[PDB]
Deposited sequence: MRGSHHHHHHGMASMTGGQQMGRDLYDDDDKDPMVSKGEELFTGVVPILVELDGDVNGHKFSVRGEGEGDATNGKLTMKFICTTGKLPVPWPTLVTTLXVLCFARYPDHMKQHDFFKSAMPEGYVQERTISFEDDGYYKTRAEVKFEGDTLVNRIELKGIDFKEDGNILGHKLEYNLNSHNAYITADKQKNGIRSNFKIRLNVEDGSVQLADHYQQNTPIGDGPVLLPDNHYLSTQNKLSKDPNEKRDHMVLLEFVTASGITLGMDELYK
């Protein structure tokens, strides 16, 4: 049923309130989602001034319901099946030799808009680290992420590592532990094991005078044969 809501192009609103080592900030994002092509186009603004962390560390936090699930795997799309009531997405993100993010989000429909509302807390970061020091390159490599179900919580989980590019050419790992639980009571599809493949293009708007990120993202599911 919830799959019906994603047959067309859907407007997206993202709202994040963050706090990293006492440095508070807010991000607002708007764009559109095209789940038929697994395509996502967004622009994000730091509405409080200067973003105190690098934009690439926030990409995974800032709507997997827009992944392209092939016909052979619609009976396993948890993210759309929990719609329109939506789901809670929680994550811990451990940055190698540095601090952690802990995030809680609700993803749901508000009217005709898909809304992702996030609270983020950053803890134990080094003011000389790559994060608070803004020592990361402005990009994000393509990644694969393995999705498994947790029938004992009526949800799904995922663990995956992001390899962030550092300005000196080194790589800094960001280990993601993710849990999704539906907001409503109704039944949801729990899936067999599968993968989501993601490609990300980060860019800038030359007329934008605020701290910002333009994002083009493709997410496609695979790993189950009919």
Could you spell out the stretches of the deposited sequence that were left without C-alpha coordinates, going in sequence order? 1-36, 99, 264-270
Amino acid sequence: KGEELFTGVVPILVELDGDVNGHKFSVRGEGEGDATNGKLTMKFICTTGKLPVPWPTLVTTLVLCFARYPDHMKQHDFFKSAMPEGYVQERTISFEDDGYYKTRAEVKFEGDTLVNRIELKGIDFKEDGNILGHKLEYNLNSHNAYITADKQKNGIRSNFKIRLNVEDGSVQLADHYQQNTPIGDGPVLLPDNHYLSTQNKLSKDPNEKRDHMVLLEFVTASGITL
From here on, numbers count along this sequence of modelled residues.
Given the B-factors recorded for C-alpha atoms, which segment has the greater mean, 147-155 or 103-111? 147-155
For the stretches 206-214 and 9-17, which has the higher mean C-alpha B-factor as given in the deposited record? 206-214
Criterion, highest CA B-factor; candidates, 169, 49, 184, 31: 184
Among 96, 77, 119, 90, which residue carries the highest C-alpha B-factor recorded in the PDB entry? 77
For residue 136, the third of its chain into which the C-alpha B factor falls: lowest
Please say which third, lowest, middle or highest, residue 38 falls into when its CA temperature factor is compared across its chain. middle
Assert third(CA B-factor, residue 162) within chain per record equals middle
Relative C-alpha B-factor of residue 195, binned into the chain's lowest, middle or highest third: highest
Using only modelled residues of the chain, where does the Cα B factor of residue 178 rank: lowest third, middle third or highest third? middle
